[PDB]
$ cat structure_9.cif   # mmCIF, C-alpha atoms and all ligand atoms
data_run
loop_
_atom_site.label_atom_id
_atom_site.label_comp_id
_atom_site.auth_asym_id
_atom_site.auth_seq_id
_atom_site.Cartn_x
_atom_site.Cartn_y
_atom_site.Cartn_z
CA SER H 2 -20.42 30.46 74.36
CA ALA H 3 -23.52 31.20 76.41
CA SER H 4 -26.87 30.83 74.66
CA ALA H 5 -30.49 31.97 74.96
CA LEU H 6 -33.84 30.68 73.70
CA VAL H 7 -36.20 33.63 73.04
CA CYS H 8 -39.81 32.58 72.56
CA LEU H 9 -42.21 34.38 70.21
CA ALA H 10 -45.95 33.97 69.76
CA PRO H 11 -48.66 35.88 67.91
CA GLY H 12 -49.15 39.02 69.98
CA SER H 13 -45.73 39.08 71.66
CA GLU H 14 -44.51 42.58 72.60
CA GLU H 15 -42.01 43.41 69.86
CA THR H 16 -39.98 46.05 71.72
CA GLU H 17 -39.46 43.62 74.61
CA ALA H 18 -38.48 40.73 72.35
CA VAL H 19 -36.26 42.65 69.95
CA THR H 20 -34.48 44.81 72.53
CA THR H 21 -33.65 41.66 74.50
CA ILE H 22 -32.35 39.77 71.45
CA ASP H 23 -30.20 42.74 70.37
CA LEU H 24 -28.63 43.19 73.80
CA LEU H 25 -27.92 39.47 74.22
CA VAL H 26 -26.14 39.36 70.85
CA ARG H 27 -24.12 42.44 71.84
CA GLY H 28 -23.15 40.48 74.96
CA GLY H 29 -21.78 37.61 72.87
CA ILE H 30 -24.69 35.30 73.68
CA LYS H 31 -25.95 33.07 70.86
CA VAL H 32 -29.70 33.64 70.46
CA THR H 33 -32.23 31.28 68.93
CA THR H 34 -35.79 32.50 68.43
CA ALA H 35 -38.59 29.93 68.66
CA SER H 36 -42.11 30.13 67.30
CA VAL H 37 -44.68 29.09 69.91
CA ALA H 38 -48.36 28.27 69.38
CA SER H 39 -48.23 28.52 65.59
CA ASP H 40 -48.03 24.86 64.46
CA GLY H 41 -44.54 25.51 63.16
CA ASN H 42 -45.18 28.77 61.27
CA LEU H 43 -42.16 31.04 61.68
CA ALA H 44 -43.83 34.35 60.72
CA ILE H 45 -44.91 36.06 63.94
CA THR H 46 -47.15 39.14 63.99
CA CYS H 47 -46.39 41.02 67.22
CA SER H 48 -48.71 43.12 69.37
CA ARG H 49 -48.34 46.41 67.40
CA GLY H 50 -48.13 44.69 64.01
CA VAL H 51 -44.37 44.24 63.66
CA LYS H 52 -43.72 41.03 61.72
CA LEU H 53 -40.71 38.92 62.76
CA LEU H 54 -39.34 35.64 61.40
CA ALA H 55 -38.45 33.13 64.10
CA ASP H 56 -35.55 30.74 63.58
CA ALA H 57 -37.37 27.49 64.37
CA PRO H 58 -40.53 25.95 65.84
CA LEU H 59 -40.32 25.48 69.59
CA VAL H 60 -40.83 21.73 69.28
CA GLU H 61 -37.53 21.47 67.34
CA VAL H 62 -35.39 23.44 69.84
CA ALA H 63 -37.10 22.98 73.23
CA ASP H 64 -34.61 20.27 74.26
CA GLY H 65 -31.53 22.34 73.39
CA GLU H 66 -28.92 23.28 75.98
CA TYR H 67 -29.67 27.00 76.18
CA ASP H 68 -28.67 28.78 79.41
CA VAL H 69 -31.86 30.87 79.63
CA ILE H 70 -35.39 30.77 78.24
CA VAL H 71 -36.90 34.22 77.63
CA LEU H 72 -40.65 34.93 77.67
CA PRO H 73 -41.53 38.36 76.21
CA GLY H 74 -44.77 39.97 77.26
CA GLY H 75 -47.68 41.21 75.18
CA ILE H 76 -50.99 40.06 76.57
CA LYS H 77 -51.99 37.80 73.67
CA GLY H 78 -48.50 36.37 73.25
CA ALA H 79 -48.38 35.55 76.94
CA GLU H 80 -51.78 33.86 76.72
CA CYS H 81 -50.43 31.73 73.87
CA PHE H 82 -47.46 30.76 76.04
CA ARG H 83 -49.73 29.93 79.02
CA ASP H 84 -51.94 27.72 76.86
CA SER H 85 -49.06 25.84 75.19
CA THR H 86 -48.35 22.65 77.08
CA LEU H 87 -44.97 22.43 75.33
CA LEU H 88 -44.00 25.97 76.38
CA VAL H 89 -44.98 25.36 80.01
CA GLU H 90 -43.19 22.01 80.19
CA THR H 91 -40.09 23.55 78.59
CA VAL H 92 -40.03 26.36 81.20
CA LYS H 93 -40.34 23.76 83.98
CA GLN H 94 -37.53 21.71 82.42
CA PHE H 95 -35.20 24.71 82.19
CA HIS H 96 -35.79 25.36 85.87
CA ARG H 97 -35.38 21.73 87.05
CA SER H 98 -32.12 21.42 85.10
CA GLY H 99 -30.57 24.40 86.84
CA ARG H 100 -31.07 27.01 84.10
CA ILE H 101 -32.61 30.51 84.08
CA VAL H 102 -36.21 31.51 83.34
CA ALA H 103 -36.61 35.16 82.29
CA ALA H 104 -40.04 36.76 81.82
CA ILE H 105 -41.25 40.32 81.22
CA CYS H 106 -44.45 42.41 81.41
CA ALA H 107 -47.54 40.11 81.21
CA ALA H 108 -45.53 36.88 81.05
CA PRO H 109 -44.97 36.42 84.84
CA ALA H 110 -48.64 36.77 85.77
CA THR H 111 -50.05 35.03 82.70
CA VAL H 112 -47.63 32.07 82.39
CA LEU H 113 -45.84 31.51 85.70
CA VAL H 114 -48.63 32.09 88.22
CA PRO H 115 -51.46 29.93 86.78
CA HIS H 116 -49.08 26.97 86.38
CA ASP H 117 -47.55 27.44 89.86
CA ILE H 118 -44.05 27.20 88.41
CA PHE H 119 -42.38 29.24 91.22
CA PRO H 120 -44.86 28.97 94.13
CA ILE H 121 -42.79 31.06 96.61
CA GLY H 122 -40.51 32.94 94.22
CA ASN H 123 -40.30 36.73 94.19
CA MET H 124 -41.35 38.36 90.94
CA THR H 125 -42.46 41.51 89.19
CA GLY H 126 -44.39 42.23 86.02
CA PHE H 127 -46.49 44.92 84.39
CA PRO H 128 -47.64 47.22 87.24
CA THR H 129 -51.37 47.28 86.48
CA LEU H 130 -51.30 43.46 86.41
CA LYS H 131 -49.94 43.58 89.99
CA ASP H 132 -53.04 41.89 91.34
CA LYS H 133 -52.58 38.87 89.04
CA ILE H 134 -49.43 38.02 91.06
CA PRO H 135 -49.77 36.71 94.63
CA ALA H 136 -49.30 39.59 97.05
CA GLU H 137 -46.69 37.66 99.01
CA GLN H 138 -44.70 37.24 95.77
CA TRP H 139 -45.04 40.72 94.24
CA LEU H 140 -42.36 43.39 94.08
CA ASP H 141 -42.82 46.67 92.13
CA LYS H 142 -39.30 46.98 90.73
CA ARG H 143 -37.88 47.48 87.24
CA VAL H 144 -36.06 44.10 87.42
CA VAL H 145 -36.28 41.30 90.02
CA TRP H 146 -33.61 38.57 90.14
CA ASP H 147 -34.60 35.72 92.48
CA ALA H 148 -31.29 33.89 92.63
CA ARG H 149 -32.73 31.08 94.73
CA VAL H 150 -34.97 29.83 91.88
CA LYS H 151 -33.05 31.46 88.99
CA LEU H 152 -36.09 33.55 88.02
CA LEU H 153 -35.55 36.92 86.33
CA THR H 154 -38.61 39.13 85.87
CA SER H 155 -39.15 42.66 84.60
CA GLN H 156 -42.00 45.10 84.05
CA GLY H 157 -42.58 46.53 80.57
CA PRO H 158 -41.33 47.81 77.23
CA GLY H 159 -39.38 50.54 79.00
CA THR H 160 -37.54 48.05 81.24
CA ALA H 161 -36.37 45.84 78.35
CA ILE H 162 -32.83 47.28 78.50
CA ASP H 163 -32.61 46.64 82.25
CA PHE H 164 -33.90 43.08 81.64
CA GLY H 165 -31.43 42.28 78.88
CA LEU H 166 -28.47 43.71 80.80
CA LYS H 167 -29.20 41.50 83.82
CA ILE H 168 -29.27 38.41 81.56
CA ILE H 169 -25.83 39.43 80.26
CA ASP H 170 -24.56 39.96 83.81
CA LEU H 171 -25.74 36.49 84.84
CA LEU H 172 -24.48 34.57 81.81
CA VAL H 173 -21.27 36.35 80.82
CA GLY H 174 -20.46 38.69 83.74
CA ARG H 175 -20.56 42.27 84.99
CA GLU H 176 -17.78 43.58 82.76
CA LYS H 177 -19.62 42.47 79.62
CA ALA H 178 -22.90 43.90 80.91
CA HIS H 179 -21.17 47.25 81.43
CA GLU H 180 -19.57 47.06 77.98
CA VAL H 181 -22.97 46.55 76.38
CA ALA H 182 -24.67 49.21 78.51
CA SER H 183 -21.95 51.68 77.43
CA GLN H 184 -22.94 51.15 73.77
CA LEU H 185 -26.54 52.19 74.20
CA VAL H 186 -26.80 55.84 75.33
CA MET H 187 -28.99 54.69 78.23
CA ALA H 188 -31.30 56.94 80.20
CA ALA H 189 -30.40 58.16 83.62
CA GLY H 190 -31.92 55.85 86.18
CA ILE H 191 -30.93 52.57 84.48
CA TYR H 192 -28.11 50.56 86.10
CA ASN H 193 -25.00 50.41 83.92
CA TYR H 194 -22.94 47.76 85.79
CA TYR H 195 -19.86 49.97 86.20
CA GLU H 196 -20.11 49.24 89.93
CA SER V 2 -54.74 60.45 60.85
CA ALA V 3 -51.03 61.14 61.09
CA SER V 4 -48.70 58.74 59.32
CA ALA V 5 -45.04 57.74 59.29
CA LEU V 6 -42.78 56.07 56.72
CA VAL V 7 -40.17 54.00 58.60
CA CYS V 8 -37.30 52.91 56.37
CA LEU V 9 -35.47 49.60 56.85
CA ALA V 10 -32.32 48.19 55.28
CA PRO V 11 -30.04 45.18 55.73
CA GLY V 12 -28.09 46.05 58.85
CA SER V 13 -30.60 48.49 60.36
CA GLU V 14 -30.52 48.70 64.16
CA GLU V 15 -33.49 46.57 65.18
CA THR V 16 -34.08 48.08 68.64
CA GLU V 17 -34.21 51.55 67.09
CA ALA V 18 -36.55 50.52 64.29
CA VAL V 19 -38.91 48.32 66.31
CA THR V 20 -39.14 50.54 69.41
CA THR V 21 -40.00 53.49 67.16
CA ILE V 22 -42.66 51.55 65.22
CA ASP V 23 -44.27 50.22 68.42
CA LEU V 24 -44.46 53.67 70.02
CA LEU V 25 -45.88 55.30 66.86
CA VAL V 26 -48.63 52.67 66.70
CA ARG V 27 -49.40 53.25 70.40
CA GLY V 28 -49.66 56.94 69.49
CA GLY V 29 -52.34 56.27 66.87
CA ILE V 30 -49.98 57.01 63.97
CA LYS V 31 -50.34 54.85 60.87
CA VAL V 32 -46.95 53.26 60.14
CA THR V 33 -45.69 51.89 56.84
CA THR V 34 -42.31 50.19 56.78
CA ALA V 35 -40.33 50.53 53.55
CA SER V 36 -37.42 48.35 52.49
CA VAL V 37 -34.42 50.17 51.03
CA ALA V 38 -32.76 46.88 50.10
CA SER V 39 -31.29 47.40 46.64
CA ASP V 40 -33.17 44.39 45.16
CA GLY V 41 -36.52 45.19 46.75
CA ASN V 42 -36.32 42.29 49.24
CA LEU V 43 -38.69 42.79 52.18
CA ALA V 44 -37.27 40.14 54.58
CA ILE V 45 -34.61 42.27 56.31
CA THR V 46 -31.79 40.90 58.49
CA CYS V 47 -31.00 43.62 61.02
CA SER V 48 -27.67 44.46 62.64
CA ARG V 49 -27.83 41.80 65.40
CA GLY V 50 -29.61 39.22 63.24
CA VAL V 51 -33.28 39.96 63.94
CA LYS V 52 -35.37 39.18 60.85
CA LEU V 53 -37.98 41.90 60.28
CA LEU V 54 -40.50 42.03 57.41
CA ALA V 55 -40.98 45.38 55.71
CA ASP V 56 -44.45 46.21 54.41
CA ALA V 57 -43.37 47.44 50.98
CA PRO V 58 -40.38 48.29 48.81
CA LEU V 59 -39.56 52.00 49.02
CA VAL V 60 -40.34 52.57 45.32
CA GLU V 61 -43.98 51.59 45.84
CA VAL V 62 -44.72 53.78 48.90
CA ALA V 63 -42.29 56.76 48.70
CA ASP V 64 -44.97 58.99 47.14
CA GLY V 65 -47.50 58.12 49.83
CA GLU V 66 -49.03 60.61 52.22
CA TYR V 67 -46.66 60.51 55.21
CA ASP V 68 -45.94 63.27 57.73
CA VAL V 69 -42.47 62.00 58.68
CA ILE V 70 -39.76 59.80 57.19
CA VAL V 71 -37.80 57.83 59.79
CA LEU V 72 -34.21 56.63 59.30
CA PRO V 73 -33.07 54.06 61.90
CA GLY V 74 -29.36 53.67 62.52
CA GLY V 75 -27.12 50.62 62.35
CA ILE V 76 -23.99 51.46 60.38
CA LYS V 77 -24.57 49.09 57.47
CA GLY V 78 -28.25 50.04 57.27
CA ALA V 79 -27.32 53.72 57.23
CA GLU V 80 -24.72 53.06 54.52
CA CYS V 81 -27.44 51.38 52.44
CA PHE V 82 -29.64 54.45 52.89
CA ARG V 83 -26.77 56.81 51.96
CA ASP V 84 -26.03 54.83 48.80
CA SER V 85 -29.67 54.57 47.64
CA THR V 86 -30.47 57.39 45.23
CA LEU V 87 -34.21 56.80 45.80
CA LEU V 88 -33.82 57.05 49.58
CA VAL V 89 -31.83 60.28 49.33
CA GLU V 90 -34.28 61.81 46.85
CA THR V 91 -37.19 60.83 49.09
CA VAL V 92 -35.61 62.41 52.19
CA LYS V 93 -34.95 65.60 50.20
CA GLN V 94 -38.56 65.61 48.99
CA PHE V 95 -39.94 65.22 52.52
CA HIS V 96 -37.83 68.19 53.60
CA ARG V 97 -38.57 70.43 50.61
CA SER V 98 -42.33 69.78 50.89
CA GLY V 99 -42.47 70.94 54.51
CA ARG V 100 -42.51 67.52 56.19
CA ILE V 101 -40.34 66.02 58.93
CA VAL V 102 -37.11 64.02 58.65
CA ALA V 103 -36.28 61.88 61.71
CA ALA V 104 -32.94 60.08 62.00
CA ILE V 105 -31.16 58.18 64.80
CA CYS V 106 -27.68 56.88 65.71
CA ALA V 107 -25.49 56.58 62.56
CA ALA V 108 -28.15 57.89 60.18
CA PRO V 109 -27.42 61.64 60.66
CA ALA V 110 -23.68 61.41 60.04
CA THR V 111 -23.90 58.70 57.38
CA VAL V 112 -26.90 59.87 55.33
CA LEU V 113 -27.67 63.51 56.04
CA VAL V 114 -24.20 65.08 56.32
CA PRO V 115 -22.55 63.67 53.16
CA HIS V 116 -25.55 64.60 51.01
CA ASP V 117 -25.70 68.08 52.59
CA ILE V 118 -29.46 67.84 53.07
CA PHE V 119 -29.37 70.09 56.17
CA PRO V 120 -26.46 72.53 55.70
CA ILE V 121 -27.89 74.72 58.47
CA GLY V 122 -29.46 73.27 61.60
CA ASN V 123 -28.71 71.49 64.85
CA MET V 124 -28.37 67.72 64.98
CA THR V 125 -27.10 64.87 67.08
CA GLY V 126 -26.24 61.24 66.47
CA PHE V 127 -24.23 58.39 67.93
CA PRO V 128 -21.45 59.91 70.08
CA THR V 129 -18.53 58.00 68.54
CA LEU V 130 -19.53 59.59 65.21
CA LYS V 131 -19.57 63.10 66.68
CA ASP V 132 -16.55 64.04 64.55
CA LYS V 133 -18.57 63.29 61.40
CA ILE V 134 -21.13 66.00 62.25
CA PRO V 135 -20.02 69.58 61.49
CA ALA V 136 -18.99 71.18 64.76
CA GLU V 137 -21.38 74.13 64.41
CA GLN V 138 -24.31 71.70 64.06
CA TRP V 139 -23.50 69.14 66.78
CA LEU V 140 -25.33 68.95 70.10
CA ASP V 141 -24.85 66.16 72.67
CA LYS V 142 -28.51 65.71 73.59
CA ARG V 143 -30.62 62.55 73.70
CA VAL V 144 -33.00 64.13 71.15
CA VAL V 145 -32.49 67.27 69.03
CA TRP V 146 -35.52 68.89 67.39
CA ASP V 147 -34.67 71.77 65.04
CA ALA V 148 -38.02 73.19 64.01
CA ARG V 149 -36.41 75.64 61.56
CA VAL V 150 -35.63 72.74 59.19
CA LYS V 151 -38.04 70.14 60.62
CA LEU V 152 -35.14 67.85 61.53
CA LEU V 153 -35.45 65.41 64.45
CA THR V 154 -32.31 63.49 65.43
CA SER V 155 -31.39 61.16 68.30
CA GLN V 156 -28.37 59.26 69.55
CA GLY V 157 -28.66 55.47 69.95
CA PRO V 158 -30.58 52.35 70.88
CA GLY V 159 -31.12 53.66 74.40
CA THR V 160 -32.69 56.91 73.13
CA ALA V 161 -35.24 55.13 70.92
CA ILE V 162 -38.06 55.75 73.39
CA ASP V 163 -37.19 59.47 73.61
CA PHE V 164 -37.11 59.58 69.79
CA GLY V 165 -40.45 57.86 69.30
CA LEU V 166 -42.13 60.01 71.94
CA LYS V 167 -40.91 63.17 70.22
CA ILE V 168 -42.33 61.96 66.88
CA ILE V 169 -45.65 61.47 68.67
CA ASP V 170 -45.41 65.02 70.07
CA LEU V 171 -44.70 66.42 66.59
CA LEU V 172 -47.51 64.51 64.83
CA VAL V 173 -50.23 64.19 67.50
CA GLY V 174 -49.12 66.36 70.44
CA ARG V 175 -48.05 66.35 74.06
CA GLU V 176 -51.18 64.77 75.48
CA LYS V 177 -50.75 61.67 73.31
CA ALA V 178 -47.00 61.57 73.98
CA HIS V 179 -47.66 61.55 77.73
CA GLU V 180 -50.35 58.88 77.33
CA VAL V 181 -47.96 56.60 75.45
CA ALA V 182 -45.07 57.29 77.81
CA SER V 183 -47.28 56.36 80.77
CA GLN V 184 -47.75 52.84 79.28
CA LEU V 185 -44.08 51.93 79.07
CA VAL V 186 -42.56 51.75 82.58
CA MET V 187 -39.81 53.97 81.23
CA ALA V 188 -36.78 55.17 83.18
CA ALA V 189 -36.78 58.45 85.11
CA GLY V 190 -34.20 60.00 82.73
CA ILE V 191 -36.64 60.11 79.77
CA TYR V 192 -38.90 63.17 79.52
CA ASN V 193 -42.52 62.12 80.07
CA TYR V 194 -44.45 65.14 78.67
CA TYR V 195 -46.16 65.90 81.99
CA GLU V 196 -46.00 69.36 83.59
CL CL H 201 -43.85 24.45 67.83
CL CL H 202 -30.67 65.51 76.78
MG MG H 203 -22.29 40.26 89.96
MG MG H 204 -59.72 63.73 75.68
#
$ encode --input "structure_9.cif" --output "structure tokens" --more "lines below"
Ligand SMILES: [Cl-]
Ligand SMILES: [Cl-]
Ligand SMILES: [Mg+2]
Ligand SMILES: [Mg+2]
Amino acid sequence: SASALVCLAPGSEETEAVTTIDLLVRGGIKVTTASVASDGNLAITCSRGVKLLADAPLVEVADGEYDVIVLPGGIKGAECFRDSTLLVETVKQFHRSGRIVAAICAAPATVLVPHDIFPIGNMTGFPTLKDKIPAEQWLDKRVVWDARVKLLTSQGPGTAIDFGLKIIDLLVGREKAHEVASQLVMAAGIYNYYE
Amino acid sequence: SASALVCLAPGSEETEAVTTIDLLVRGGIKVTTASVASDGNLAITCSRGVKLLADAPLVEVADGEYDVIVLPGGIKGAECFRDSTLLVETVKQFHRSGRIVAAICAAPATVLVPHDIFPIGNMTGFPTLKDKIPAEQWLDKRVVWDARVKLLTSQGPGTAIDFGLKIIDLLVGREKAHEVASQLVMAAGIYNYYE
């Protein structure tokens, strides 16, 4: 079975994190949540005060064989990720070992750009943080999949469904992505993977 | 100054609960989460395994000053609500005292219909449970607001943004709903409260 490592830090965006986890589980993907930048504490207070319990400290799962590492947004959570040497090294290791990096909202600009992880990759993120992403790399699009570098990015709380569905498509296929999308009562405008 | 009591149970739908909480906080609404777990446990495992901490057991906060009571879906969470005499009494008290009841996905058919809390009024819920809503009450709309009985209902995980925005409209008004919507990068199929 496919698997995903979803990172959480103080100040992570809870709608982004939780919607993604839920969709991945609906897609049959095994999800582990990891606490980042908390010295092992598993209780994470998210950006609007929602309190989540992570499964494990990052340092205990960073070497696992997950197919994708997921970086939720939330400006303070993304800063924690950026400033965690373990988080940054783990993202680089996922990439170098042929796996997927997935990041939403503030995470592309705050984590990926300062560390030059994908120097010529195409990416999106929260629109009013556009200028934190190099102009030659920026696209203003609900989801961007750069297949060359296996980088999936997305824009905000309202694109979390689109983001999760594309992870499902990539790890377990279009039919499963459509099956999950069909469970949700999705808004018009969001791609449902039927075609 | 507006406030919302968001109920949580083992098996609640985490996207529905968390998206709603996040949006209400963005709207300036004070949110209290209440566990309906039969033992008073606050560390709730949701329908896809997300672990969410409730602020308080329902018995301690049910008599608080809250403008709306919110019932997330998730079939097992909704069954817990249905089978909790305190939950049912609290919903009835919100309604009889002129306050708002808000319910999504399985919660209308599982909680409201069997207890006959709203014998007259329009409502929606998850489409596969349509045949558990009385035919004269059912509408197939992303959100249904029946002001005659102050009943707000909605359909599924993918309508959680619509649902939260309508709570904001009802508690704080259209200007705040549009402000919050504008933050989200939400899909074109969700009403954005701008005219
Ligand atoms: Cl750690
Ligand atoms: Cl509609
Ligand atoms: Mg394909
Ligand atoms: Mg003003």
$ calpha_fit_rmsd --input "structure_9.cif" --fixed "chain H" --moving "chain V"
0.5 Å
$ atom_distance --input "structure_9.cif" --atom1 "CA of residue 8 in chain V" --atom2 "CA of residue 35 in chain V"
4.8 Å
$ closest_residue --input "structure_9.cif" --among "H:30, H:57, H:81, H:162" --to "chain V" --atoms "only C-alpha atoms"
H:162
$ residues_near_point --input "structure_9.cif" --point "(-23.1, 52.7, 86.9)" --cutoff "12 Å" --atoms "all atoms listed in the file" --output "short mmCIF file (atom, residue, chain, number, x, y, z; two decimals) with C-alpha atoms, keeping the file's coordinate frame"
data_model
loop_
_atom_site.label_atom_id
_atom_site.label_comp_id
_atom_site.auth_asym_id
_atom_site.auth_seq_id
_atom_site.Cartn_x
_atom_site.Cartn_y
_atom_site.Cartn_z
CA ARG H 175 -20.56 42.27 84.99
CA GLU H 176 -17.78 43.58 82.76
CA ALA H 178 -22.90 43.90 80.91
CA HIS H 179 -21.17 47.25 81.43
CA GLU H 180 -19.57 47.06 77.98
CA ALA H 182 -24.67 49.21 78.51
CA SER H 183 -21.95 51.68 77.43
CA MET H 187 -28.99 54.69 78.23
CA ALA H 188 -31.30 56.94 80.20
CA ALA H 189 -30.40 58.16 83.62
CA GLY H 190 -31.92 55.85 86.18
CA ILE H 191 -30.93 52.57 84.48
CA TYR H 192 -28.11 50.56 86.10
CA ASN H 193 -25.00 50.41 83.92
CA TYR H 194 -22.94 47.76 85.79
CA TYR H 195 -19.86 49.97 86.20
CA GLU H 196 -20.11 49.24 89.93
#
$ residues_around --input "structure_9.cif" --residues "residue 74 in chain H" --least-positions-apart "6" --cutoff "9 Å" --atoms "all atoms listed in the file" --output "list in words"
residues 12, 13, 14, 15, 17, 18, 104, 105, 106, 107, 108, 109, 127, 156, 157 and 158 of chain H
$ atom_distance --input "structure_9.cif" --atom1 "CA of residue 10 in chain H" --atom2 "CA of residue 71 in chain H"
12.0 Å
$ closest_residue --input "structure_9.cif" --among "H:63, H:24, H:152, H:92" --to "chain V" --atoms "all atoms listed in the file"
H:24
$ closest_atom_pairs --input "structure_9.cif" --of "chain V" --to "ligand CL 202 (chain H)" --cutoff "8 Å" --atoms "all atoms listed in the file" --output "tab-separated table"
residue	atom	partner	partner_atom	distance
V:141	CA	H:CL202	CL	7.2
V:142	CA	H:CL202	CL	3.9
V:143	CA	H:CL202	CL	4.3
V:144	CA	H:CL202	CL	6.2
$ residues_near_ligand --input "structure_9.cif" --ligand "ligand CL 201 (chain H)" --cutoff "8 Å" --atoms "all atoms listed in the file" --output "ChimeraX atom specification"
/H:35-42,57-61,87
